[PDB]
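In the form deposited in one PDB entry, a lone chain appears below as structure tokens.
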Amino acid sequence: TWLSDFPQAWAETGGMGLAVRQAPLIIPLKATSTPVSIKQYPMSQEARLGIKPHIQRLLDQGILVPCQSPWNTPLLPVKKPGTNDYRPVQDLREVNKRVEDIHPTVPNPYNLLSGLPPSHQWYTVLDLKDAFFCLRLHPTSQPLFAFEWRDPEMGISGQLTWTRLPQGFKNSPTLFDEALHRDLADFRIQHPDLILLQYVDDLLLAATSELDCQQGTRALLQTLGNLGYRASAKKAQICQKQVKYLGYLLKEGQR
């Protein structure tokens, strides 16, 4: 009854996340970075219609808001099947170029697994849904990610931007990790007898007894939901001795 007891912990029934303990993130520019406004590319009506639903709900979620910036980058309609079913994808490459770098705190997977004792044979693997959107963007920096939203077949607005850390931003991964490591510190302390592996949106908890593993998973789920994060209950793995994580298959401590 996991999905049951932790309603606010799952994306499926907890609703959009929002890391409240985190202060709006400010994105430092390079000393010589000056705004770049690239005009939106033409888009077949089918494509424009394909991404409309998303945009809409994002606006409704206050994740996208109307604005006016000297910045502006194109929006690209991508698909997976033959070519149907589109997804909005913004090309932030020029913004990334003008943004200030930061030290990659994220530990590569291999060494990340190094810190894993055989003593803990029980696993739980969670992955957060829309990890980035849980982190607020400081108003000052929000202008950097604006893009133009039109609709020749429906008058429609103009330029919109993000209010949360966006997809395609070269530092979202690193910025998110740091954030989560900060927010899961208290947990690590309150459960010295557990091993929490953290790699951005991908989490791994390991314990000695399947009993602990479960008690651990609850404290964790309770905490995640509490702090404002949501994990995909769908693709989740709870209390096992064989679990697939970061592309490695964990079996008794193999891979």
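If you superpose the two forms and keep the largest set of C-alpha atoms that fall within 1.5 Å, you have the rigid core. Numbering starts at 1 and follows the sequence shown.
In what follows, reference is made to the form deposited in another entry, a form of this protein that is not presented.
Student: Hey, does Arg93 budge by 2 Å or more at the Cα between the shown form and the other one once the core is superposed?
Tutor: No, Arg93 moves less than 2 Å.
Student: After the core is overlaid between the shown form and the other one, has the C-alpha of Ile156 moved by 2 angstroms or more?
Tutor: Yes; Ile156 is a residue whose C-alpha shifts (by 2 Å or more) between the shown form and the other one when the cores are overlaid.
Student: Aligning on the rigid core, do we see the C-alpha of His138 shift 2 angstroms or more between the shown form and the other one?
Tutor: Where the cores coincide, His138 shows only a C-alpha shift between the shown form and the other one that is less than 2 Å.
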